[PDB]
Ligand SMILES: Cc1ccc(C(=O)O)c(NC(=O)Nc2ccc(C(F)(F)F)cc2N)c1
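Quick heads-up: it's one chain on its own, the form solved without the named molecule, in structure tokens.
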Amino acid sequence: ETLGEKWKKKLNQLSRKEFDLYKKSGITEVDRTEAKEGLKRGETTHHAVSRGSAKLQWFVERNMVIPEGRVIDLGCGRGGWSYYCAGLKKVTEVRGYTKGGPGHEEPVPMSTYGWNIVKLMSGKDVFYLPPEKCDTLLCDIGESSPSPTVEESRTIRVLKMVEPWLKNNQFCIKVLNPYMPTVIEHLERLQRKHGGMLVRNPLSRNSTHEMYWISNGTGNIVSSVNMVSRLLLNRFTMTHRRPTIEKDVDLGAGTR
């Protein structure tokens, strides 16, 4: 019924070859060549551990979330968001939590600028964690699934989990499937209470309808979601557009 549901049905009809040509058509991406080569060699300075550092940097450099004080990073994985925040002037502590174990990335130890204010803790399912006081709440959880009802369930669970962590603080939260009417209802209620806006990051793949609820902005959630569904549906029409290439983020070295 929603434009997003039509997008997901069409995405599920693609062959692997078609899917591989669609997923990056017209997106933006950072060139990870140098970082991957450095990481393979065990280099611990300058490189971002994942594409996530540039993905969060995109929101921060637009002032959509402005990390400060004690940052919590839920679903930190290898730690791209955490290591990026560790170098920001207003940040004083970064605590990352992630599941780890089979099927999940482990935190990567690094020596990028501000490493000494970061603690990444694996073996932590955030759905069992009691909330902690923080000045910035980040969450990048939401596992894609071919089933949109599984994605709807996973999105609602994240939105219910994150709310007790929100106390008039800065935030950036992934919304895996933002187009279902039940999710829209939660998002509108959450925006009435905590403010912010839902934003599509250009570095996201066309194979996910993810959007991020960020704290600094206003706007109409329904309009923003439908614009993304129409964008993703239009990207099935034409031949692959190679992604727009950008430089990856240099996270430096040193303590603070």
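From 1 onward, residues are counted along the sequence shown.
| task | Report the stretch with the higher mean CA temperature factor, choosing between 21-29 and 233-241 on the basis of the entry. | result | Stretch with the higher mean C-alpha B-factor: 233-241.
| task | Determine, for stretches 245-253 and 1-9, which one has the higher mean CA B-factor as deposited. | result | If you average the C-alpha B-factors of 245-253 and of 1-9, the larger mean comes out for 1-9.
| request: Going by the CA temperature factor in the entry, name the top one among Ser215, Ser50, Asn220, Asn201. | output: Highest CA B-factor of the listed options: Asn220.
| query | Taking the Cα B-factors listed in the entry, which of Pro178, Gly79, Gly87, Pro148 comes out highest? | reply | If I rank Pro178, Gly79, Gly87, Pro148 by C-alpha B-factor, first place goes to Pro148.
| Can you tell me which third, lowest, middle or highest, the CA B-factor of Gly96 falls into for its chain? | As the PDB entry reports it, the C-alpha B-factor of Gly96 lands in the lowest third of its chain.
| task | Using the B-factors in the PDB entry, rank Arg157's C-alpha atom against the chain and give the third, lowest, middle or highest. | result | It falls in the middle third of the chain.
| Third assignment of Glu185 from its chain's C-alpha B-factors | As the PDB entry reports it, the C-alpha B-factor of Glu185 lands in the highest third of its chain.
| task | Taking the values exactly as deposited, rank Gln170 by C-alpha B-factor within its chain and report the matching third: lowest, middle or highest. | result | According to the entry, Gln170 has a C-alpha B-factor in the chain's lowest third.
| Taking the C-alpha B-factors as the PDB entry records them, is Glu68 in the lowest, middle or highest third of its chain? | CA B-factor rank for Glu68: middle third.
Not pictured, yet referred to below: the form deposited with the named molecule bound.
| request: Go through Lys90, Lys133, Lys160, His104 and name the one with a heavy atom inside 4.5 Å of the named molecule in the bound PDB entry. | output: So the residue touching the named molecule in the bound PDB entry, by this definition, is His104.
| query | In terms of non-hydrogen atoms within 4.5 angstroms, which of the given stretches 144-152, 95-103, 164-172, 110-118 touches the named molecule in the bound PDB entry? | reply | Heavy-atom contact with the partner occurs in 95-103.
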